[PDB]
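1. fold the stuff below for me.
(6 chains, ligands or ions: 10)
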Amino acid sequence: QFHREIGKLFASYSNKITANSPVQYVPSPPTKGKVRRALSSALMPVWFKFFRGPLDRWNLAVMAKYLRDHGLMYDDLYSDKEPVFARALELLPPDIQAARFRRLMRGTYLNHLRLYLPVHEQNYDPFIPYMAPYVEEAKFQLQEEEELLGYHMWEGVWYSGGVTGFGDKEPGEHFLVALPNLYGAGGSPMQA
Amino acid sequence: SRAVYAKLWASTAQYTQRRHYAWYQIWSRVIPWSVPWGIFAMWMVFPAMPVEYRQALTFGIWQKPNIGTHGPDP
Amino acid sequence: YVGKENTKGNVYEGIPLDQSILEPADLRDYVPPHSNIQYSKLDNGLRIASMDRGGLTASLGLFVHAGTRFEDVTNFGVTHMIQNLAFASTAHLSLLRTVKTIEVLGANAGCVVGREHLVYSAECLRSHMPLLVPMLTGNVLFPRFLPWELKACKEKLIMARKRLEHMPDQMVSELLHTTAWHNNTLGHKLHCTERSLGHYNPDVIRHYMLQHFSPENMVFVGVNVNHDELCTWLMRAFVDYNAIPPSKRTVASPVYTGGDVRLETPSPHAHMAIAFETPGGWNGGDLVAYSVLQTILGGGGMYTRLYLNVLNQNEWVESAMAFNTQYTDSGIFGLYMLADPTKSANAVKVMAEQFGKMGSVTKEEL
Amino acid sequence: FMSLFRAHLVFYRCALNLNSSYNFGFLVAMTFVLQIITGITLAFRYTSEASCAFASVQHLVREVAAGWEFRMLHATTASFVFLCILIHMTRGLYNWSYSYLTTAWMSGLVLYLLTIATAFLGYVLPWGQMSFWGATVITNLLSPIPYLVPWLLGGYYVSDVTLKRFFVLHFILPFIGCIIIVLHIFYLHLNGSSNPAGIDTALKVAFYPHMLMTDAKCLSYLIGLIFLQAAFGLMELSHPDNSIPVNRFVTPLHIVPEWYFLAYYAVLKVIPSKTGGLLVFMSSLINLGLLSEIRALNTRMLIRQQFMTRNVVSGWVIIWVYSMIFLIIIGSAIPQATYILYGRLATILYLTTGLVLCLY
Amino acid sequence: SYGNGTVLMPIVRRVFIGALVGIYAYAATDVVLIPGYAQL
Amino acid sequence: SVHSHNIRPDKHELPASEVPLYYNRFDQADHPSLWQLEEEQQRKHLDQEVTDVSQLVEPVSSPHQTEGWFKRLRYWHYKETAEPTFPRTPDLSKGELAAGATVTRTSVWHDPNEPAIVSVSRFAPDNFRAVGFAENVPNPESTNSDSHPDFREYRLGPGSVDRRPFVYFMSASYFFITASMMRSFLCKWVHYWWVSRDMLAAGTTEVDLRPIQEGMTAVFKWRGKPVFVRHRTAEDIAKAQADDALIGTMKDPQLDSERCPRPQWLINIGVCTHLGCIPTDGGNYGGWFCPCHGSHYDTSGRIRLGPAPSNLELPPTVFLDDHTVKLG
Ligand SMILES: CCCCCCCCCCCCCCCCCC(=O)OC[C@H](COP(=O)([O-])OCC(O)COP(=O)([O-])OC[C@@H](COC(=O)CCCCCCCCCCCCCCCCC)OC(=O)CCCCCCCCCCCCCCCCC)OC(=O)CCCCCCCCCCCCCCCCC
Ligand SMILES: CCCCCCCCCCCCCCCCCC(=O)OC[C@H](COP(=O)([O-])OCC(O)COP(=O)([O-])OC[C@@H](COC(=O)CCCCCCCCCCCCCCCCC)OC(=O)CCCCCCCCCCCCCCCCC)OC(=O)CCCCCCCCCCCCCCCCC
Ligand SMILES: CCCCCCCCCCCCCCCCCC(=O)OC[C@H](COP(=O)([O-])OCC(O)COP(=O)([O-])OC[C@@H](COC(=O)CCCCCCCCCCCCCCCCC)OC(=O)CCCCCCCCCCCCCCCCC)OC(=O)CCCCCCCCCCCCCCCCC
Ligand SMILES: CCCCCCCCCCCCCCCCCC(=O)OC[C@H](COP(=O)([O-])OCC(O)COP(=O)([O-])OC[C@@H](COC(=O)CCCCCCCCCCCCCCCCC)OC(=O)CCCCCCCCCCCCCCCCC)OC(=O)CCCCCCCCCCCCCCCCC
Ligand SMILES: CCCCCCCCCCCCCCCCCC(=O)OC[C@H](COP(=O)([O-])OCC[N+](C)(C)C)OC(=O)CCCCCCCCCCCCCCCCC
Ligand SMILES: CCCCCCCCCCCCCCCCCC(=O)OC[C@H](COP(=O)([O-])OCC[N+](C)(C)C)OC(=O)CCCCCCCCCCCCCCCCC
Ligand code: HEM
Ligand code: HEM
Ligand SMILES: O=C1C(O)=C([C@H]2CC[C@H](c3ccc(Cl)cc3)CC2)C(=O)c2ccccc21
Ligand code: FES
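-> Residues are numbered from 1 along each chain as shown, chains lettered A, B, ... in the order given. Ligands and ions are numbered 1, 2, ... in the order given. Here you go, the structure:
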């Protein structure tokens, strides 16, 4: 019985992994092996003074000036085409949300005109992390759904309801389900 | 109690292993489709092979069709 | 289930169901359990009661003394909100994980509001009790009340009454209550009105809970569990945390107004009900008198007073009934009837006669 | 189909700060339509015979009214097809458009492959020396598999049969192009275009009045330039050696493909193993394909701003462009050790800077 | 991810990464190592 | 819908108040409920037995209605030619129909003895029914006639075999014939792109070598490809043999004596082994140089430098005489 035997293989491996579980926080093992840690530690005094130092300083200068020209913050660079950030934006309070909207409007207009702001308008720190408390919550909420619902490749009915059947939940987002109607006036999913 | 909450938290620690198991299952269901399509591949590419290889791969069953032309010359 | 360790499969394959498969090892000599109630108390105040009958499934329940008769003009609707938020996110579990785990254990669980109590309960095999005690106590020990859960749960506050529009009997119950005690205590509605959706913010919920959900206002009850394990796993739940501190609350006596009310709708009967107050309620000494009289008259048999003297002597009544509802400190007792809508004036006369002669009884019926 | 026309090309709402760099798609489409018109009217008088194809093309120029104009418009608009495509690609490498326009980017790559094939098939039809020997080379390049090359040729060597089927294929492929263009635009408008600033913004504005006029302006410029080059011949875009009849036993003494093929040619000059040659093309195209799912290759959350303005570090796309131009330069020259040496330097740069795009 | 319809681009991702590893292995064998063993 | 009506005045077709094409006799009720009664008091023609076609009841309406040139169909009922301002008054004494226009623009509904509101109530279209209506209008009970067979005589009952095997065998048979035919079609279509039966690539040739001079290269045509024949000088031979000491270094090692069975005669296929171009005279090793990607060959044909993977290929050849060679 092939399937039950390979079951046995999988089960024993999982039990090994289970038996080694800690019961409390334990610091992660380093990201680099001891050889590379040694080599980096040896070459630090030259590499950081001549190359890495100036690279990491020039980078922040470039970023800051570009953000100040337009009056953006750093966390204004993230999109809502990203599910986690979409959730984070859903969880925002009114004031932060309104200010973000305003800054994005102004940045669009300024990049259209290609005119610098006066230097007295540029006196602020652009790298404040104002989205962090919300991104962490979004990550939690979207991780639990994977754990509790996404753990298997579920089976569906194909090309029915406007969805392909392989997992989508919004109609006509893929080519083989384009053009839902041939007559009439159509409609929108949001008005069902 | 801490103990019970710990057990409940840990219930899903092995997500990646369960996903590998899912890979295994779906590929086991899928992979036999290779036999129909393999036969058809071979069906199409058989008459491209050398006559000797056609004779060999069919254990000598296949031979040149006899249509009454191109016979030997005394 | 990442693979499975046992490969033997269905070891009873092909054995008919009228042919036993038990080995002599699995026989026992029966010893009953003992089934008188066992009573205990935690140090923080919680009272625990348990019984065992040797069934395989257990019943677990947490009882809180927080009904709707304890609300006021600033609070109306808060108890419904709390019930509609049961098994939502708490300190150490999320809403999704909680409900999904309860589903996968195989259990059925829920919460119920009344006019004097709030109840949480669950049920499945008795071997799962240690996993269920947390999830029941969580709701009263440390809920979070995140705004985006309150907002998403709102429509269930309105559907609760939207369904009452096709349950005439229950509808009449609510009319009786709000007419008997007008605008006070037991009179309050069991649901959120439109005026009740304003104060749907976490601070009001939390401030209400701080006044009622202390341990000495609670009871935990278990059936088909071993009492020392129940005590152990309940003690292990409150040991790390500070519970809501006690409060010396006071309760006002209901004021009975009585009165009259009508509500028309296309139903093909005239539904009518008349009632009088029970002084003292469940704490009055005459709790048995009313409950005997209800069976003399006819509860919700065919040799009862109403069945003989109303239903068998009039062609135009579909049903006549006596009802009796009691609370800690007041109640009501009365008669209910469905009649042909053209003869309501006769329905009133019949009811008046019946009330007329409840005072007197004969020993056969008694 | 009018309601769709209005939804997508009149009421569709864009971002205010879309400058000219977002107009080149429309332009390549227009060069497609135009190339199709001139194609069809050239087909009415072309002869698909190895004995007489060449003289067939000469007859149009010499003895037909306005004969010269259609041939030269068709010849010159090809260069603009490729120039506009390369600008259009580089814009989206610069912006990291493929971050969220995944399937659009894939469709783009397929369209570019279609265009390469179409152009090369066209390049054989006038049937001069360069045509014959180019066909010989590219057919020998795809030799690894037995019998596939005599089959695709039709014959043991490049022949009239080869001309006939190349002509039919060159007829057909552009229209398949058009179908894939519709698919392209479906994926595009499913998402919505990016800004030059790479932010999300509500300061949108409708298409018909503002952006339609910019499209029209650039269209005027392009029609202008095509006619300038076509009528006066300012640049030597095409080498003279296709003007000589074919000889099957003598090669031309100096060889230069059309400019849009020179970089590829450079590779074939400098890598020793022929299979290594072919694998470089395959690998680079696979690398470009791989950019479609760059969000998955890392767990840091991605942004579209590459902060290339004022930056002393420049960016990998700019190094890619300069490496490619250097390869064109070396493509053009004779085979000599020093050219090959700097060739190999440039080739290593071209490969590495493509690999490295995934490493954010 | 759960509740999403993109199912064929992940496969292409893995195939492409595979294929590049392949190609680079073979190229190292063909263009460098085999000649090197004539110079070793 | 996309379809118009055609209500218009017409001079070939008089209005229906003037000339109705249907049989214009209708009964009238005071209230349509009364039509119930007649359905349970009349006789019906379909309740009674007939056996021959000649016994079928005869239509009430006349055959002689519609006339004109080239009009096949001679009988119609309804038309939409428009009514005038003042319609023809129905004569209710003859049971003529009163409906729509003829109620609105006529005095027909007037009665001396009755209120007007009561009188108009009898002229809704439900209050009229033709003569013969209750007697002739069918009302089926089923789609099936008891004189025809339904599933009851064809159902496979208790005791029957299972037929799934047969059904699926039937369809599998259809499909395997289908697939054989499809494969044949694709095979023919593929084969049709293959080389034609006139080409055949067969042949052999011979070459006379008297006219050749030392240091010269002659070129000839063979099986579609060029072939070089060279009369090497002593120094060409020496150049070739000096590099035999460096055979270690070559991409395709071979010694000169194999390539020149007669040392002074060199023969090769004139084609670059890289991608098929034809090498030119010269290069760094006094042999040949390919312009397409820069491969070099020595004075014996061997690949010394560049991307080409092998030496120039030796053709199958024989020296027929001291001064004549055979190719193929
Ligand atoms: C026009 C179409 C016609 C209409 C009908 C539709 C036709 C499609 C039928 C074929 C599908 C059969 C397989 C069924 C799978 C069911 C699984 C399931 O429960 O569903 C949920 C599951 C998704 O749920 P989920 O797991 O929650 O989603 C998370 C993600 O999947 C991410 O998950 P992850 O990241 O955790 O990774 C999971 C991944 C882990 O595994 C890997 O990633 C492995 C990667 C290794 C690299 C090797 C390549 C792997 C792909 C194999 C391709 C071979 C097939 C072709 C064979 C050709 C034979 C001639 O798992 C798999 O790859 C397992 C599934 C792989 C199956 C793919 C091939 C199935 C085809 C079998 C029939 C072949 C006959 C074709 C004949 C010729 C014509 C095409 O479904 C899938 O994953 C779908 C897989 C199948 C692909 C989609 C079908 C295509 C539809 C579009 C049509 C395109 C046609 C274009 C032509 C146009 C002509 C003009
Ligand atoms: C009988 C009672 C009646 C029953 C009725 C029931 C109902 C069902 C019917 C049944 C009755 C018979 C009906 C006749 C059916 C058959 C005839 C038939 O079908 O002919 C078709 C026929 C095809 O003719 P054909 O193609 O010329 O046939 C040539 C032959 O195929 C010759 O071609 P070939 O020789 O070149 O074929 C090659 C073949 C050659 O085959 C053979 O030679 C095989 C030999 C078979 C031997 C048999 C064995 C079984 C018997 C043994 C006996 C057992 C004894 C025990 C029992 C008895 C004692 C107890 O080899 C292969 O296929 C490949 C080999 C296998 C591949 C798999 C790889 C295996 C590797 C082996 C590994 C082992 C190691 C080997 C290595 C060596 C070193 C160790 O149709 C046509 O000619 C075309 C018709 C035109 C229609 C066109 C279709 C439509 C196209 C229009 C489309 C355009 C419109 C757009 C689309 C429209 C879409 C809707
Ligand atoms: C020399 C050295 C260098 C060599 C070159 C090296 C190159 C290396 C780099 C490679 C670059 C990328 C190549 C393509 C990768 C595609 C990966 C993929 O699957 O992406 C999934 C991805 C979506 O995956 P997802 O997000 O998971 O969504 C899940 C959905 O369920 C999925 O459903 P959905 O509805 O959302 O998606 C649309 C669906 C369904 O799409 C449709 O139904 C569209 C149908 C349009 C048909 C129009 C006629 C096209 C005729 C073929 C033209 C080929 C030109 C090739 C250029 C060279 C010419 C010499 O299509 C697909 O899912 C894709 C199917 C596979 C496409 C394969 C395309 C390339 C090969 C095609 C030709 C094969 C050779 C034989 C025929 C040759 C004839 C000349 O789809 C795309 O991004 C596709 C974009 C459109 C591009 C393809 C357009 C043509 C479609 C042809 C379909 C097959 C029939 C062919 C004709 C047969 C009869 C004659
Ligand atoms: C330089 C030389 C000059 C030479 C000059 C020579 C000039 C000769 C001119 C001859 C003109 C003949 C026609 C006179 C018409 C008079 C009309 C009249 O007085 O109307 C008064 C009056 C008009 O008042 P009304 O209010 O219109 O009432 C009449 C109704 O509307 C009627 O409607 P209804 O409902 O009462 O009747 C039913 C209705 C509806 O009936 C039906 O629908 C029934 C249809 C049944 C068909 C069954 C067919 C089955 C067999 C098919 C076999 C397969 C065949 C196909 C395949 C074959 C292979 C190819 O019947 C019809 O529609 C009857 C149609 C008769 C058509 C006759 C056509 C004759 C053509 C003669 C040749 C003319 C020149 C040809 C062209 C030349 C080049 C431009 O009509 C009547 O009283 C009725 C009179 C009907 C007379 C019909 C029979 C005429 C016989 C004429 C004999 C001529 C012999 C010539 C010999 C020449 C030797 C040289
Ligand atoms: C995904 C698969 C897509 C498949 C699309 C392919 C469609 C087009 C197929 C063209 C095949 C041409 C073969 C070239 C050789 C010359 C053919 C020829 O006529 O030779 C003469 C021969 C006859 O020879 P002859 O008699 O002329 O003389 C020469 C003698 N021999 C052949 C021995 C050298 O003709 C044929 O037999 C016709 C060729 C049939 C071959 C058909 C091959 C079909 C390929 C499809 C297989 C796909 C499998 C899946 C692969 C996918 C992998 C990821
Ligand atoms: C996607 C492109 C496909 C091209 C097809 C060509 C493939 C190669 C040649 C044929 C190979 C054999 C057929 C494949 C095997 C059968 C498929 C299968 O698994 O069966 C599923 C099923 C088989 O059903 P079944 O009921 O017989 O059995 C299945 C049930 N079990 C497993 C329990 C036995 O097929 C169908 O139900 C198909 C329904 C249609 C049947 C009639 C089709 C006839 C043609 C109609 C008109 C055609 C014109 C339209 C085309 C447009 C162009 C002109
Ligand atoms: C994107 C679309 C197209 C491109 C990029 C393209 C490209 C080319 C190129 C580069 C040439 C070479 C001309 C020369 O060297 O002088 C050519 C020639 C030709 N093309 Fe196309 N072409 C396209 C569409 C078409 C179409 C649709 C047709 C016909 C339906 C067509 C028919 C021809 C013909 C007949 C020639 C021969 C010109 C001559 O012999 O002088 N082309 N094409
Ligand atoms: C015939 C070839 C092509 C046509 C007709 C075409 C057409 C278009 C059009 C009209 C647009 C929208 C307007 C514009 O951006 O100008 C567009 C956008 C786009 N195209 Fe193309 N394109 C072609 C080739 C390509 C190629 C080769 C690629 C990638 C290799 C590509 C990738 C993209 C991307 C990513 C966008 C959107 C960028 C963004 O929104 O930021 N396209 N295309
Ligand atoms: O030697 C060559 C040569 O190498 C190519 C090459 C240029 C690049 C081409 C090419 C390479 C890759 C792609 Cl994806 C498309 C086209 C193939 C032909 C020519 O075009 C040519 C034309 C005429 C005579 C000789 C030659
Ligand atoms: S074809 Fe001769 S070197 Fe490339």
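
2. identify the residues contacting the helix ranked longest in chain E?
-> Secondary structure of chain E per DSSP state H: the longest helix is helix E:9-27. By CB atoms under 8 Å, 6 or more residues apart in numbering or on different chains, the list of residues contacting helix E:9-27 from outside reads D:102-103, D:276, D:279, D:282-283, D:286-287, D:289-290, D:292-293, D:296. For the C-beta atoms, the positions are set from N, CA and C on the backbone; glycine is no exception.

3. can I get the helix or strand following that helix in CSV, CA atoms only?
-> Using DSSP states H and E, the next helix or strand after helix E:9-27 towards the C-terminus is helix E:34-39. The C-alpha trace of helix E:34-39 is given here as CSV (Å, rounded to 0.1, in the frame of the first residue of the first chain):
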residue,chain,number,x,y,z
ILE,E,34,36.7,21.0,-19.9
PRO,E,35,39.4,23.3,-21.4
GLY,E,36,40.9,24.0,-18.0
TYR,E,37,41.4,20.2,-17.7
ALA,E,38,43.5,20.5,-20.9
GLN,E,39,45.6,23.2,-19.2
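
4. which residues touch residue C:327?
-> Listed by CB under 8 Å, 6+ apart, the contact set of residue C:327 reads C:115-116, C:186, C:281-282.

5. make a markdown table from these and add neighbour count, secondary structure and distance to ligand 5 to it.
-> Conversion of the contacts of residue C:327 to a markdown table gives the following (neighbours: other CB atoms under 10 Å in any protein chain shown; DSSP: H, G, I helix; E, B strand; the rest coil; distance: CB to the nearest ligand atom, whole Å):
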| residue | neighbour count | secondary structure | distance to ligand 5 |
| --- | --- | --- | --- |
| C:115 | 19 | coil | 73 |
| C:116 | 17 | coil | 74 |
| C:186 | 24 | helix | 78 |
| C:281 | 18 | helix | 83 |
| C:282 | 13 | helix | 82 |
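
6. what two of the contacts of helix E:9-27 are the furthest from one another?
-> Longest distance between any two of the contacts of helix E:9-27 is 31.7 Å, between D:103 and D:276; criterion CB to CB.

7. and residue D:268, how many neighbours does it have?
-> 20 (other CB atoms under 10 Å in any protein chain shown).

8. related to what we said a few turns ago, tell me the one of the contacts of helix E:9-27 nearest chain C?
-> residue D:296 (24.2 Å; CB to the nearest CB).

9. leaving out the residues flanking it, which one is nearest to the closest one?
-> Leaving aside its sequence neighbours, residue D:296 sits nearest to residue E:13 (CB to CB, 6 or more residues apart in numbering or on different chains; 6.5 Å).

10. just give me the neighbour total for the one you found.
-> 17.

11. likewise residue A:184?
-> Residue A:184: 6 neighbours (other CB under 10 Å).

12. now do residue C:318
-> 12.

13. and it, what does it touch?
-> Counted by CB under 8 Å, 6+ apart, residue C:318 has contacts C:269, C:338-339.

14. likewise residue F:31?
-> Taking CB under 8 Å, 6+ apart, one finds residue F:127 in contact with residue F:31.

15. how far away is the residue of chain E found nearest ligand 6 from residue A:37?
-> Proximity of chain E to ligand 6 (CB to the nearest ligand atom) peaks at residue E:8, 16.9 Å away. Remark: distance between residue E:8 and residue A:37 (CB to CB, to the nearest Å) = 41 Å.

16. next up, phi/psi of residue C:270, please.
-> Per-residue torsions, residue C:270: phi -90, psi 110 (degrees, to the nearest 10).

17. quick one, what contacts it?
-> If you count contacts by CB under 8 Å, 6+ apart, residue C:270 has them with C:338-341, C:343-344, C:347.
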